[PDB]
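Worksheet: the structure to be examined is printed underneath.
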Amino acid sequence: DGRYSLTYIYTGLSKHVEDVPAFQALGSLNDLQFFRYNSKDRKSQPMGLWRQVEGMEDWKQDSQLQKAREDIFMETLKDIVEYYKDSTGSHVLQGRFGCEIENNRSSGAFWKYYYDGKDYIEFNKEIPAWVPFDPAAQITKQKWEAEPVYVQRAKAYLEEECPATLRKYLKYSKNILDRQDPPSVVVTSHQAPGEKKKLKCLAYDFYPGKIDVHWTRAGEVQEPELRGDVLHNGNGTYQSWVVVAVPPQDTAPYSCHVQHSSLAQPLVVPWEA
Ligand SMILES: *[C@@H]1O[C@H](CO)[C@@H](O[C@@H]2O[C@H](CO)[C@@H](O)[C@H](O)[C@H]2NC(C)=O)[C@H](O)[C@H]1NC(C)=O
């Protein structure tokens with residue numbers, strides 16, 4: 001077994017402007033986002049490759065849960081703004097929570113909020129109790145700990161529920177998170193009217209993202225003039241490119257090299273002028 005992480009991020013705005021939802025939520029499994037929800041549509045929607053997954057989650061019921069989450073989250077923001085007596089201002093509360101497993105064993109958990117970018121309050125499950133960092137968080141803490149069962153529920157969420165949810169999602173996400181998709185490569189060249197000729201090597205449609213792409217000139221690894229990459233969440237694939245400029249009078253042999261975890265050995269793709 002390897003490392004898997006489940007992370008949720010909530011963002012609330014006390015005075016949202018036109019076309020920006022007051023509350024937005026997203027969730028990621030490792031490097032991929034699997035769902036989103038906002039206060040405009042009010043629907044939890046799967047994303048990327050999870051749009052094709054069936055039976056992992058009942059999105060209609062999750063929608064109801066997120067609405068309840070949104071309500072409490074925004075009330076928390078409202079209370080903070082009230083404490084500072086600044087509702088005419090535009091403020092933001094962001095919360096991050098989730099857990100991780102490694103070798104099928106819980107290996108980490110976190111739950112922390114930030115107000116206007118500064119640490120606000122976080123849960124320490126070993127105590128177990130909330131830890132305030134901002135003066136207003138002392139009030140929030142008092143409310144979140146008004147009955148003995150509240151900290152017990154918070155501890156159970158990080159230690160029992162969240163990892164159970166991750167394990168479940170992993171059962172339906174094997175063909176997504178554990179893929180070893182080999183890269184397709186395409187070499188191409190371009191001539192800028194007046195500038196040198198440049199050779200572009202592109203590796204695409206691969207996963208995971210870790211990859212080694214480099215050009216060689218007569219077997220000599222070259223220094224790229226421009227390099228870049230991207231992750232397309234819709235597809236769950238990466239693309240990575242490298243570019244070199246070639247002397248107007250160079251005849252040497254150019255070849256692109258690609259090494260990736262899904263390949264039995266590296267690939268070489270020479271460029272034919
Ligand atoms: C994964 O998604 C990416 C992004 O949509 C696809 O890349 C595009 O592919 C089309 C047609 O193949 C090209 O015309 C675009 O230029 C590509 N987007 C860019 C600018 O990178 C990719 O084909 C998808 N791969 C799979 C396996 O479906």
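Note that ligands are numbered from 1 as they come in the structure, with each ligand's atoms numbered from 1 the same way. Side chains are part of it too, since the values below use all heavy atoms of this structure and drop only hydrogens, waters and symmetry mates. For this chain, numbers begin at 1 and follow the sequence in order.
- The stretch residues 179-193 participates, sequence neighbours left out, in these side chain to side chain donor-acceptor pair (under 3.5 Å) pairs: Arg179-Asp181, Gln180-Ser261.
- Residue-level contacts of ligand 1 at the 4.0 Å heavy-atom threshold are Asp205, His232, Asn235, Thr237, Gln239.
- Counting heavy atoms from C-beta outward, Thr140 and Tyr115 have side chains that stay 4.5 Å or more apart.
- Legend: salt bridge (charged side-chain N to carboxylate O under 4.0 Å, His left out) pairs involving residues 210-223, not counting sequence neighbours, sorted by first then second residue: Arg217-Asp250.
- Between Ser262 and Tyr207, the closest side-chain pair of non-hydrogen atoms is not below 4.5 Å.
- Between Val269 and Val258 there is no side-chain heavy-atom pair separated by less than 4.5 Å.
- The stretch residues 24-46 participates, sequence neighbours left out, in these ring pair (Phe, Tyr, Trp, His ring centres under 6.0 Å) pairs: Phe34-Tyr169.
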